[PDB]
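**Student:** What follows is a structure written as structure tokens; I'll ask about it next.
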There are 4 protein chains.
Amino acid sequence: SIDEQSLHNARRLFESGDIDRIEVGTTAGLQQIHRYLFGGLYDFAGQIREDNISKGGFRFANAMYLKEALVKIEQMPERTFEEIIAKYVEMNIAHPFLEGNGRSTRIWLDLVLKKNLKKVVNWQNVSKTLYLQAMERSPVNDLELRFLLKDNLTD
Amino acid sequence: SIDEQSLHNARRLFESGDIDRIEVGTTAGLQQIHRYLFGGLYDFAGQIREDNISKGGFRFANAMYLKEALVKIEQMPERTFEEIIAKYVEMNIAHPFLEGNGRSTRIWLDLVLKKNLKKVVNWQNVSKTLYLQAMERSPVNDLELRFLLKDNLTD
Amino acid sequence: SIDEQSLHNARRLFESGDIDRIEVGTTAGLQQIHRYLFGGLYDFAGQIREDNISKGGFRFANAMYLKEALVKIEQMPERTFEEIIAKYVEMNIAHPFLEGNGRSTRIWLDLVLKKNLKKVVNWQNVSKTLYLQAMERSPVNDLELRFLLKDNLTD
Amino acid sequence: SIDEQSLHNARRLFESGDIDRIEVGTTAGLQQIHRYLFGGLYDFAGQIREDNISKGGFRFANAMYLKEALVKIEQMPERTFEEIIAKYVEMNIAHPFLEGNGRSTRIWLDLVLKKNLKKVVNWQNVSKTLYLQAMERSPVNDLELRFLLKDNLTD
Ligand SMILES: Nc1ncnc2c1ncn2[C@@H]1O[C@H](COP(=O)(O)OP(=O)(O)NP(=O)(O)O)[C@@H](O)[C@H]1O
Ligand SMILES: Nc1ncnc2c1ncn2[C@@H]1O[C@H](COP(=O)(O)OP(=O)(O)NP(=O)(O)O)[C@@H](O)[C@H]1O
Ligand SMILES: Nc1ncnc2c1ncn2[C@@H]1O[C@H](COP(=O)(O)OP(=O)(O)NP(=O)(O)O)[C@@H](O)[C@H]1O
Ligand SMILES: Nc1ncnc2c1ncn2[C@@H]1O[C@H](COP(=O)(O)OP(=O)(O)NP(=O)(O)O)[C@@H](O)[C@H]1O
Ligand SMILES: [Mg+2]
Ligand SMILES: [Mg+2]
Ligand SMILES: [Mg+2]
Ligand SMILES: [Mg+2]
């Protein structure tokens with residue numbers, strides 16, 4: 001119910017035109033997206049977490065310095081695909097919500113790609129298995145992720 | 001060459017009593033230890049890194065917010081073995097030097113244990129292989145590290 | 001869809017009494033469980049994989065020597081809780097199917113615990129988050145898994 | 001002491017021309033290299049391990065089926081760079097010795113590349129940091145390793 005309802009909310013975000021009101025490339029913009037997707041579903045919708053979380057051997061940015069990290073991440077440049085991917089990779093490492101980081105930050109990435117490069121990711125053609133592998137590796141080396149995503153951009 | 005002299009430098013730190021002048025439980029204190037062990041050996045002795053580093057697939061705190069991270073980590077409480085281990089785990093994730101984090105931060109840990117618990121680690125009885133495993137796991141769960149060290153304390 | 005239907009099959013395995021005919025602690029027994037759960041749902045139901053697979057940075061036993069590995073794994077002893085967990089850990093590393101290893105092998109584990117200790121895991125009280133973490137760690141050290149499961153055995 | 005003495009033996013393996021007498025692409029050939037490097041230094045020189053080992057959170061092939069694994073791995077083809085790297089990656093996962101797998105298996109790799117492609121790796125121009133990263137990743141995805149090594153091939 002939660003994930004189907006948030007998918008409907010994501011659809012609403014685009015169909016409504018409310019997507020055009022989201023700040024691009026900023027922490028606030030990511031919060032806007034998360035609040036939109038999960039509002040009325042998670043009580044923490046749009047809110048930066050205060051608890052620590054991990055997945056698959058990686059511990060995401062410690063909540064005690066997550067806000068400081070986000071301030072630095074949102075200032076990263078967006079001039080090229082490689083810069084945009086690097087910025088996305090650091091926002092994923094920040095992982096600022098208890099849940100729904102993936103969906104919200106992928107929308108956030110698409111807005112950055114669209115603003116700067118006039119392209120978005122064609123997610124329907126991206127393997128979820130290969131995407132997860134590439135994201136898991138990305139804090140160490142974003143090569144796999146860049147190869148995967150660059151092949152799946154659409155203008 | 002470097003490791004041999006730095007081991008001599010660590011013995012001098014203790015045997016001279018210079019160890020008693022090290023600030024306990026702080027970033028500055030860790031820098032003091034690192035400067036003492038590696039002064040004249042690494043030109044970055046005592047200095048917070050500006051480059052990014054990883055080991056075993058784990059990305060240590062990004063250099064862009066590392067200084068900010070350290071300000072927070074050093075304020076962590078030190079009242080119990082579990083608190084002190086948690087603080088140590090976070091200082092390891094920070095990994096604030098290019099090299100020599102292990103040796104420096106273990107001395108740092110012992111000073112915190114000594115101050116607050118009147119105990120230090122009996123490293124003589126700790127397997128390096130098992131210690132490395134526990135440290136690698138610690139960001140996700142410090143159970144292995146607590147299991148390894150707690151009954152290896154000595155007063 | 002597949003998950004809801006396989007769950008129904010797993011309930012039927014127990015409710016029908018068919019569970020009592022499953023060979024305990026063997027590769028063939030694991031295959032019997034997988035075929036029952038996934039027959040008609042995955043065309044590879046019950047079948048040892050010929051493709052390589054990975055999760056979270058760990059590559060499961062190479063398909064080229066998987067059958068050989070399974071021959072050794074099923075011979076492992078089941079004399080104590082700790083031996084049984086060790087055997088379960090090796091069967092998870094083998095990871096013999098393309099999908100459904102988790103559900104099938106947890107049933108397989110319970111049959112081994114029941115046969116040798118007259119216990120099963122009370123999975124209802126086991127955190128999925130902590131279980132996944134413990135499984136991810138288990139190839140290196142099964143301490144987390146033993147801590148988790150021993151606290152959740154039932155008669 | 002052992003690392004320096006083994007380097008000298010490695011030096012001699014090439015200086016003497018004995019490298020030309022080593023069996024190429026086989027388990028026996030790898031054991032020959034390991035014995036040349038470490039015979040008289042490690043008591044287990046040239047011997048397939050009977051103990052389990054791991055590094056960086058990765059469990060190498062279980063000793064109970066390591067021999068069976070090696071029988072399969074040595075049969076892997078060697079016709080393309082990609083096949084040769086895949087074979088090397090599997091021999092590293094097998095990790096057949098207690099110690100000295102890296103040095104011995106890199107020599108083994110060069111012999112297979114030399115035989116089949118008339119090239120070897122120019123290890124002088126390969127970053128040890130990037131190499132270890134690429135090795136750690138290789139069981140999941142050998143792209144990093146292939147990217148790192150292919151443009152460092154020489155004759
Ligand atoms: N080990 C890891 N290291 C770094 N990033 C990871 C790791 N595991 C998962 N990720 C990323 O974290 C995301 C999942 O975060 P989560 O907060 O569960 O988002 P979600 O929207 O609920 N699920 P999803 O749609 O699967 O992304 C994945 O899509 C990956 O981008
Ligand atoms: N994958 C990992 N994840 C988290 N921590 C790690 C990892 N690998 C190593 N460590 C920790 O990092 C330390 C090594 O950092 P490093 O900067 O190499 O210190 P060192 O003093 O040069 N070597 P050592 O004496 O082996 O600790 C180890 O002792 C562990 O505490
Ligand atoms: N990185 C890892 N290393 C070792 N084991 C893992 C890892 N990730 C997951 N596992 C185990 O693999 C199982 C999942 O295997 P899979 O074939 O997807 O089974 P499933 O029944 O489809 N899913 P689940 O019900 O979630 O177990 C998990 O339940 C864990 O036991
Ligand atoms: N986490 C890992 N996963 C896969 N392979 C690894 C991992 N860590 C290290 N390796 C590989 O194992 C080798 C080290 O094996 P080891 O038996 O220590 O050999 P060594 O010759 O003693 N050391 P080195 O000269 O550094 O390779 C490295 O060179 C890597 O190829
Ligand atoms: Mg999620
Ligand atoms: Mg070091
Ligand atoms: Mg699954
Ligand atoms: Mg070694």
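Simple scheme: letters A, B, ... for chains in structure tokens order, numbers from 1 for residues in each chain, numbers from 1 for ligands in the order shown.
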Let me see if you get this right: every residue at most 8 Å from ligand 6, counting only C-alpha atoms and all ligand atoms, written as a PyMOL selection string.
**Tutor:** chain B and resi 99-102
**Student:** Filtering to C-alpha atoms, could you give me those residues as an mmCIF file, in the first residue's frame?
**Tutor:**
data_model
loop_
_atom_site.group_PDB
_atom_site.id
_atom_site.type_symbol
_atom_site.label_atom_id
_atom_site.label_comp_id
_atom_site.auth_asym_id
_atom_site.auth_seq_id
_atom_site.Cartn_x
_atom_site.Cartn_y
_atom_site.Cartn_z
ATOM 1 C CA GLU B 99 48.100 6.947 6.579
ATOM 2 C CA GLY B 100 48.712 5.869 10.187
ATOM 3 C CA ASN B 101 45.119 6.062 11.334
ATOM 4 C CA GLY B 102 45.203 2.611 12.941
#
**Student:** For ligand 4, return the neighbouring residues as a list in words (distance at most 8 Å; only C-alpha atoms and all ligand atoms).
**Tutor:** residues 56 and 57 of chain B; 54, 55, 56, 57, 58, 59, 60, 92, 93, 95, 97, 98, 99, 100, 101, 102, 103, 104, 131, 132, 135, 136, 137, 138 and 139 of chain D
**Student:** For the residues in that selection, give me C-alpha atoms as a PDB file, in the first residue's frame.
**Tutor:**
ATOM      1  CA  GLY B  56      37.990  -2.949   1.429  1.00  0.00           C
ATOM      2  CA  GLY B  57      35.161  -1.363  -0.475  1.00  0.00           C
TER       3      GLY B  57
ATOM      4  CA  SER D  54      39.015 -14.026   4.206  1.00  0.00           C
ATOM      5  CA  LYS D  55      40.006 -10.457   3.515  1.00  0.00           C
ATOM      6  CA  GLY D  56      38.127  -7.186   3.470  1.00  0.00           C
ATOM      7  CA  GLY D  57      34.838  -8.922   4.244  1.00  0.00           C
ATOM      8  CA  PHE D  58      35.184 -11.440   1.373  1.00  0.00           C
ATOM      9  CA  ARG D  59      35.362 -15.185   2.172  1.00  0.00           C
ATOM     10  CA  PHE D  60      37.718 -17.046  -0.191  1.00  0.00           C
ATOM     11  CA  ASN D  92      42.109 -15.157  -6.875  1.00  0.00           C
ATOM     12  CA  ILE D  93      38.696 -16.165  -5.426  1.00  0.00           C
ATOM     13  CA  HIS D  95      43.102 -18.016  -3.132  1.00  0.00           C
ATOM     14  CA  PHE D  97      47.558 -20.543  -0.277  1.00  0.00           C
ATOM     15  CA  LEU D  98      47.602 -19.239   3.285  1.00  0.00           C
ATOM     16  CA  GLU D  99      49.800 -16.307   2.171  1.00  0.00           C
ATOM     17  CA  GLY D 100      51.534 -15.066  -0.981  1.00  0.00           C
ATOM     18  CA  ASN D 101      48.549 -15.500  -3.304  1.00  0.00           C
ATOM     19  CA  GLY D 102      48.947 -11.999  -4.748  1.00  0.00           C
ATOM     20  CA  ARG D 103      52.562 -12.194  -5.826  1.00  0.00           C
ATOM     21  CA  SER D 104      52.369 -15.809  -7.050  1.00  0.00           C
ATOM     22  CA  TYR D 131      44.806  -2.575  -8.291  1.00  0.00           C
ATOM     23  CA  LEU D 132      43.615  -3.651  -4.847  1.00  0.00           C
ATOM     24  CA  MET D 135      40.714  -6.953  -7.174  1.00  0.00           C
ATOM     25  CA  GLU D 136      38.206  -6.449  -4.322  1.00  0.00           C
ATOM     26  CA  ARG D 137      35.519  -5.642  -6.861  1.00  0.00           C
ATOM     27  CA  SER D 138      36.431  -8.334  -9.383  1.00  0.00           C
ATOM     28  CA  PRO D 139      34.205 -11.157  -8.049  1.00  0.00           C
TER      29      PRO D 139
END
**Student:** Tell me the residues of chain A close to chain D, meaning within 10 Å using only C-alpha atoms, as a short mmCIF file (atom, residue, chain, number, x, y, z; two decimals) with C-alpha atoms, in the first residue's frame.
**Tutor:**
data_model
loop_
_atom_site.label_atom_id
_atom_site.label_comp_id
_atom_site.auth_asym_id
_atom_site.auth_seq_id
_atom_site.Cartn_x
_atom_site.Cartn_y
_atom_site.Cartn_z
CA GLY A 57 28.14 -3.26 4.47
CA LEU A 130 22.98 -3.83 -12.35
CA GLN A 133 25.54 -3.20 -7.99
CA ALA A 134 26.67 0.10 -9.47
CA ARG A 137 30.23 0.34 -5.68
CA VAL A 140 34.61 3.79 -4.01
CA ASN A 141 34.42 4.13 -7.79
CA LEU A 143 32.85 3.86 -13.14
CA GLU A 144 30.17 1.13 -13.17
#
**Student:** Write out as an MDAnalysis selection string all residues of range 31-150 of chain A that backbone DSSP assigns to alpha helix (DSSP H).
**Tutor:** chainID A and resid 31:38 66:74 81:94 101:117 128:137 143:150
**Student:** CA of residue 7 in chain A to atom 13 (C, counted along the ligand's line) of ligand 3: how many Å, to one decimal?
**Tutor:**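 Between CA of residue 7 in chain A and atom 13 (C, counted along the ligand's line) of ligand 3 the gap works out to 26.1 Å.
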**Student:** Skip residue 2 in chain D itself and residues of its chain fewer than 6 positions away, then list as an MDAnalysis selection string all residues within 9 Å of it, counting only C-alpha atoms.
**Tutor:** chainID D and resid 38 41:42
**Student:** To one decimal in Å, tell me the separation between CA of residue 72 in chain D and atom 10 (N, counted along the ligand's line) of ligand 3.
**Tutor:**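 Taking CA of residue 72 in chain D and atom 10 (N, counted along the ligand's line) of ligand 3, their separation equals 25.1 Å.
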**Student:** Fewer than 6 positions away in the same chain doesn't count, so skip those; otherwise give me all residues within 10 Å of residue 22 in chain B, counting only C-alpha atoms, as a CSV table (one decimal) with N, CA, C and O atoms, in the first residue's frame.
**Tutor:**
chain,number,residue,atom,x,y,z
B,13,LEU,N,56.9,8.0,23.2
B,13,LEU,CA,55.7,8.7,23.6
B,13,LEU,C,55.3,8.2,25.0
B,13,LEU,O,55.1,9.0,26.0
B,28,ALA,N,42.2,17.1,18.4
B,28,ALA,CA,43.5,17.7,18.6
B,28,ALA,C,44.4,16.7,19.2
B,28,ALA,O,45.6,16.6,18.8
B,29,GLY,N,43.9,15.9,20.2
B,29,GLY,CA,44.7,14.9,20.8
B,29,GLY,C,45.1,13.8,19.8
B,29,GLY,O,46.2,13.3,19.9
B,30,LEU,N,44.2,13.4,18.9
B,30,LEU,CA,44.6,12.4,17.9
B,30,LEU,C,45.7,13.0,17.0
B,30,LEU,O,46.7,12.3,16.7
B,31,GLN,N,45.5,14.3,16.6
B,31,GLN,CA,46.6,14.9,15.8
B,31,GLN,C,47.9,15.0,16.5
B,31,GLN,O,49.0,14.8,15.9
B,32,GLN,N,47.9,15.2,17.8
B,32,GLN,CA,49.1,15.2,18.7
B,32,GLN,C,49.8,13.9,18.6
B,32,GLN,O,51.0,13.8,18.4
B,33,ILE,N,49.0,12.8,18.7
B,33,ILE,CA,49.6,11.5,18.7
B,33,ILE,C,50.2,11.2,17.3
B,33,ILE,O,51.3,10.6,17.1
B,108,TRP,N,44.9,6.6,20.9
B,108,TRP,CA,43.8,7.5,21.3
B,108,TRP,C,42.7,6.8,22.1
B,108,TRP,O,42.2,7.3,23.2
B,111,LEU,N,43.8,5.9,25.7
B,111,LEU,CA,43.7,7.1,26.6
B,111,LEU,C,42.3,7.3,27.1
B,111,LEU,O,42.1,7.7,28.2
**Student:** Would you kindly return, as an MDAnalysis selection string, each protein, DNA or RNA residue with an atom no farther than 10 Å from any atom of residue 118 in chain B, considering only C-alpha atoms and excluding same-chain residues fewer than 6 positions away?
**Tutor:** chainID B and resid 110:112 153:155
**Student:** List the spatial neighbours of residue 96 in chain D as a VMD selection string - criterion: any atom at most 12 Å away, only C-alpha atoms, same-chain residues fewer than 5 positions off excluded.
**Tutor:** chain D and resid 27 to 28 30 to 31 34 44 to 54 60 to 71 73 90 to 91 101 to 102 104 to 105
